[PDB]
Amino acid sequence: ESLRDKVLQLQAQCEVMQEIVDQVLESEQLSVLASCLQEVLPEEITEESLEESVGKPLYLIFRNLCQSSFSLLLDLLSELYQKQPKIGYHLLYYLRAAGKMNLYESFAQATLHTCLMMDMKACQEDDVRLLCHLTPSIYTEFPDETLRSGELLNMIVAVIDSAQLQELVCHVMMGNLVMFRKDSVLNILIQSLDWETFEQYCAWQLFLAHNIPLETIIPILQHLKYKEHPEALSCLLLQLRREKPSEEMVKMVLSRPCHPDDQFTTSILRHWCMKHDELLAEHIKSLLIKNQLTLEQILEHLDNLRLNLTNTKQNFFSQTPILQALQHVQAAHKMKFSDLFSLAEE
């Protein structure tokens, strides 16, 4: 047909393609092949002049689908996406004088979650800046597809820069971006335990940028392995110091192996016993009376704490709960911890 050949001929191409647009209201692979063989972020992202580039030739298709009979013309762009995958995220770019991104769902249903993931991976590989400036709206318009698994989170953190991580934490702290949910955050961090160094630091900073209380994720302490997981251990230590210790947190801290090169437990216990002395004493007393966390593990962690607390002026082993618990407990492993029991005896 000769109008489509006129569009081929010109290459102010908007009305020229509106010719085809008007004609596709009653064998499209050749049209989409022509369109594909025919064919992102402005350097200064200024509002309403970033849409200066959003016009142009191909994006006009998007426009004609943003206006019932709203269904008999997305087949063309479905064939475009089946030919050229990149347009899949270009649409997202266009959608962010459009209405709302509720069009993209309708576009996805011709291949939502796997479409979003592939388009976002292509965007990540090609243009990182576009992925940054697209992440908030993506996570907002599609929460039940993006908050469930660290796929998209890993995608972002694998390529993100420190300045891009700063703009992302800002977006989180401003009410514009939400990347975790109290449901999935634990699963997602246990998954994150396998990522690169800076990827894991980015994940943890982004989690702190939300307002999810530490306890929701303190079970992760089970999974934190001395040799294997430095970043999550460091962030969890530096955040746990700032918390009033619950009994479950001190159980989780004591339920980690005693390795002579592992300084997490004794560090956090020293901090707690110096600022929350009687509360920590109460919790470890309640733990000592039979609440693996074998008794000798608690005793060894406490003996490490005792041998360390001589560094400072700390009457923590004078607390009445701890001496009460020590004498109650003492009544095989005995010769191992004589000193400890001796603080509650002599």
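Throughout, we count residues from 1 along the sequence that is shown.
Going from residue 311 to residue 312, you skip over nothing: the modelled chain follows the deposited sequence without a break. The question of which stretch, 235 to 243 or 256 to 264, has the higher mean Cα B factor is settled in favour of 256 to 264. Legend: mean Cα B-factor per stretch from the PDB entry, 73 to 81 versus 172 to 180; the higher mean is in 73 to 81. Per the deposited record, 61 carries the highest C-alpha B-factor of all listed residues (305, 281, 298, 61). In this structure the maximum Cα B-factor among 35, 286, 319, 294 is found at 35. Compared with the other modelled residues of the chain, the Cα B-factor recorded for residue 219 ranks in the lowest third.
Sorting the modelled residues of the chain by their CA temperature factor places residue 99 in the highest third. Sorting the modelled residues of the chain by their CA temperature factor places residue 166 in the lowest third. For residue 137, the recorded CA temperature factor ranks within the lowest third of the chain's modelled residues. Among all modelled residues in its chain, residue 146 ranks in the middle third by Cα B-factor.
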